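Trainee: This one is an experimental structure. Sequence first:
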Amino acid sequence: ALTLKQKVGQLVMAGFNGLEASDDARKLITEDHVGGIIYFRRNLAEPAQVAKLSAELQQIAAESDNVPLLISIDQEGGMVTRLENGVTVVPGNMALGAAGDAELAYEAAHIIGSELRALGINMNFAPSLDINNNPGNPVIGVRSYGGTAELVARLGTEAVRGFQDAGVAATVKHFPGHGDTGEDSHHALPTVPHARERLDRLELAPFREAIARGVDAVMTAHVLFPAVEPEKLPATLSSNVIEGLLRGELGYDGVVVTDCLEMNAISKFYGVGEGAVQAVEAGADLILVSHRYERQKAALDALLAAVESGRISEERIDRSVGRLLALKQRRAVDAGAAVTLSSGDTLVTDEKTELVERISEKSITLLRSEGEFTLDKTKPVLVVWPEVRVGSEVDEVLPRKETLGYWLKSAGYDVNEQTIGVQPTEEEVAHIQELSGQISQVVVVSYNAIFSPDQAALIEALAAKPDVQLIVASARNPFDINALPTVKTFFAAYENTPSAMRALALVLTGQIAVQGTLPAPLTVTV
Ligand SMILES: CC(=O)N[C@@H]1[C@@H](O)[C@H](O)[C@@H](CO)O[C@H]1O
């Protein structure tokens, strides 16, 4: 039987800094009785270290007579991963959507989940069930399978099953649906203004299908839905959205997680401590506070004070604790195993790598062409390769060794690969224009050129050179084509993963045919 402080602690999931458990992590577990830990890149160096860290955190909880921990992560696949060293880089959602095959979304998720569970991670903040029907969406993009409820539901429920079959709790996000937003809830408080009929047929549909089949957790969106909530409360803080729609109309009695409370949509308009209280009042079970210890303690203190002041009832707290304990039992989070990972070990296998390679071969999409495009192996090839230099958690600094140039080189092509910034410098732009005068076969890999004017201008400049045969292949959002009216040949790869660049190289050299279908619209749908 848990004390009040232990019950309140169960409602919080916190992050920390460390490759081994830090003093902050130790106090969160032993003194604040936190229910969960979320990992970021700072916690994840290699498989042996992660597995050791998860076992250490569980040991700290066990030896202090605390409930075993949920341990989560944002391992969505493709362009949103927190660990690539020693694990399979799996295609992401929109790459899977373009391949169109629900069975491949299962296998992709099962690889992710199998490897996570081997590292002691028992929860994943995935899959996104957001439907990216707005090509301007600045935060979802290729994190969505595509622009229709049918495709997102079909692939998304199989991803849930692949995660949970591997022993990892799936968390569908971001309820009731972040795909339409033109604004980013990291930075602002977005609104989805549409009528209930539209939410019922689009936004809500994949969440309904996931709930019907059994999903361990649902994460909310820090987004206003005036058709559901008349007050200026995002879904995370709205009893209309959570208790009313999710728990009531949709019958969901599983774990409801807030999106990160440190995001501007909450922290700037409502505050972390009072947001924590309001999230529980709205119907959430698990309060996510990913980064700052001060804000984690503020949420814990505010939740305790709210119970002690009579604002949150005893039954209400027990209700969430019951859902969290049931999930923890269901995923056998107290289970142990022999150590099988030592420093230097990898979970990558030939079989899993070749499986995801075959997925990406089905994903590459041709959006525009004027005739033959395949590279002439007897001539040099200039590859323009973009790299993220200023990062965020949606768009991370994430270096890739297996570039398009890497794969073209492995095929015997004479490649000059030039790396430039996603916002290229003036010198990089001048350097590319100069080399294009010496190498007429040019492939630009674009990377959200639709959001990077200097990148798009360079591409449009190359497209206007009559001495240049230019191919553009987008390695993040496929909507770049909307900003590139002069480009004659445009491919979408939906990510810059090793397997996507391998498949792209095979397409450009005529070794495989294009099979992908653009899974989200180039213009917003209603
Ligand atoms: C809209 C959005 O991207 N929200 C993300 C969420 O997906 C992620 O699970 C959480 C924890 O890292 O951080 C939020 O910023």
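Mentor: Sure thing, it's come through. Numbering: from 1, shown residues only.

Trainee: pretty sure residue 34 is touching residue 27, no?
Mentor: No: with contact defined as Cβ atoms under 8 Å, residue 34 does not reach residue 27; the gap is 9.4 Å. Backbone N, C-alpha and C define where each C-beta goes, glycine included.

Trainee: how's the protein carved up into domains?
Mentor: 1-363, 364-526 (curated CATH domains).

Trainee: out of these, deepest packed?
Mentor: With neighbours defined as mean count of other Cβ atoms under 10 Å, the domains of the chain peak in mean count at domain 1-363, which reaches a mean of 21.

Trainee: First-to-last residue distance for that one?
Mentor: Start-to-end span of domain 1-363 (Cα to Cα, to the nearest Å) is 51 Å.

Trainee: With stretch 171-188 instead?
Mentor: Stretch 171-188 has an end-to-end distance of 23 Å (criterion: Cα to Cα).

Trainee: Run the chain-centre distance for it.
Mentor: On the basis of Cα atoms, centre = their mean, to the nearest Å, stretch 171-188 sits 12 Å off its chain's mean C-alpha point.

Trainee: try stretch 406-425
Mentor: Centroid displacement of stretch 406-425 relative to its chain, using Cα atoms, centre = their mean, is 26 Å.

Trainee: ok, residues contacting it?
Mentor: Under the contact criterion Cβ atoms under 8 Å, 6 or more residues apart in numbering, stretch 406-425 has outside partners 375, 377, 379-389, 403-405, 428-429, 431-432, 435, 439, 447-448, 452, 454-455, 458, 501-502, 504-506, 508-509, 511.

Trainee: Mind checking which of those residues land in strands?
Mentor: 381, 382, 383, 384, 385, 386, 387 (DSSP state E).

Trainee: Let me have the residues you listed in JSON lines, extended by distance to the ligand.
Mentor: Compiled in JSON lines, the ones in strands among the contacts of stretch 406-425 are given as follows (distance: Cβ to the nearest ligand atom, whole Å):
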{"residue": "381", "distance to the ligand": "36"}
{"residue": "382", "distance to the ligand": "35"}
{"residue": "383", "distance to the ligand": "30"}
{"residue": "384", "distance to the ligand": "28"}
{"residue": "385", "distance to the ligand": "26"}
{"residue": "386", "distance to the ligand": "21"}
{"residue": "387", "distance to the ligand": "22"}
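
Trainee: out of those residues, who's nearest residue 82?
Mentor: Within the ones in strands among the contacts of stretch 406-425, proximity to residue 82 (Cβ to Cβ) peaks at residue 387, which comes in at 18.5 Å.

Trainee: how would you label the residue nearest to that closest one when sequence neighbours are not counted: helix, strand or coil?
Mentor: The shortest distance from residue 387 to any non-neighbouring residue, by Cβ to Cβ, 6 or more residues apart in numbering, is to residue 419 (5.4 Å). Following DSSP: H, G, I helix; E, B strand; the rest coil, residue 419 is assigned to strand.

Trainee: Residue 419 pairs with what?
Mentor: residue 385 (DSSP bridges).

Trainee: from now on call the first residue 544
Mentor: Sounds good: first residue 544 from here, last item residue 962.

Trainee: Quick check: it vs residue 933, distance?
Mentor: 15 Å (Cβ to Cβ, to the nearest Å).

Trainee: do the same with residue 850
Mentor: Distance, residue 850 to residue 933, using Cβ to Cβ: 42 Å.

Trainee: what's the answer for residue 803, then?
Mentor: 20 Å.

Trainee: This structure against the ligand: which residues are in contact?
Mentor: Contacts of the chain with the ligand, taken as Cβ under 6 Å from any ligand atom, map to 617, 668, 682, 716-717, 721, 728-729, 802-803, 806, 833, 936-937.

Trainee: can you rerun that using 5 Å?
Mentor: Proximity of the chain to the ligand, by Cβ under 5 Å from any ligand atom, involves residues 617, 668, 802, 803.

Trainee: Take those residues and keep only those in helices.
Mentor: Assignment to helices by DSSP state H places none of those there.

Trainee: quick one: which of those is nearest to residue 1007?
Mentor: Looking across the residues of the chain next to the ligand and measuring by Cβ to Cβ, the closest to residue 1007 is residue 617, at 40.2 Å.

Trainee: That closest one and residue 937 touch, don't they?
Mentor: No: between residue 617 and residue 937 there is no contact under Cβ under 8 Å: 9.8 Å.

Trainee: tell me, what's touching these two both at once?
Mentor: With Cβ under 8 Å, 6+ apart as the test, residue 617 and residue 937 both reach residue 623.

Trainee: separation between the closest residue to residue 770 other than its chain neighbours and residue 788?
Mentor: Nearest residue to residue 770 in three dimensions, chain neighbours excluded: residue 739, at 4.7 Å (Cβ to Cβ, 6+ apart). For residue 739, the distance to residue 788 (Cβ to Cβ) stands at 10 Å.

Trainee: same deal with residue 911?
Mentor: The value you get for residue 911 to residue 788, if Cβ to Cβ is used, is 41 Å.

Trainee: same check, this time on residue 551
Mentor: 26 Å.

Trainee: Same check on residue 711?
Mentor: 26 Å.

Trainee: what's the answer for residue 999, then?
Mentor: 40 Å.

Trainee: for residue 781, same thing?
Mentor: The gap separating residue 781 from residue 788 is 9 Å, by Cβ to Cβ.

Trainee: Could you do residue 933 as well?
Mentor: Taking Cβ to Cβ, one finds residue 933 at 38 Å from residue 788.

Trainee: just residue 1014 next, same as before
Mentor: 46 Å.

Trainee: circling back: which of the contacts of stretch 949-968 fall within helices?
Mentor: 947-948, 971-972, 974-975, 978, 997-998, 1001, 1044-1045, 1047-1049, 1051.

Trainee: closest to the ligand among these?
Mentor: Of all these, residue 998 has the smallest distance to the ligand: 22.6 Å, by Cβ to the nearest ligand atom.

Trainee: Leaving out the residues flanking it, which one is nearest to that closest one?
Mentor: Nearest to residue 998 is residue 992, by Cβ to Cβ, 6+ apart, at 4.6 Å.

Trainee: Likewise for residue 789?
Mentor: Per Cβ to Cβ, 6+ apart, closest to residue 789 is residue 795, 5.0 Å.

Trainee: again, but for residue 1034
Mentor: Using Cβ to Cβ, 6+ apart and skipping residues adjacent in sequence, the residue nearest residue 1034 is residue 1016, 4.1 Å away.

Trainee: residues contacting the residue of the stretch 794-943 of the chain found nearest the ligand?
Mentor: Closest to the ligand within the stretch 794-943 of the chain is residue 803: 3.9 Å, counting by Cβ to the nearest ligand atom. By Cβ under 8 Å, 6+ apart, the contact set of residue 803 is 831, 832, 833.

Trainee: phi, psi of the second one?
Mentor: So that's residue 832. Dihedral pair for residue 832: phi -130, psi 100, per degrees, to the nearest 10.

Trainee: shouldn't it be in contact with residue 571?
Mentor: No: between residue 832 and residue 571 there is no contact under Cβ under 8 Å: 10.1 Å.
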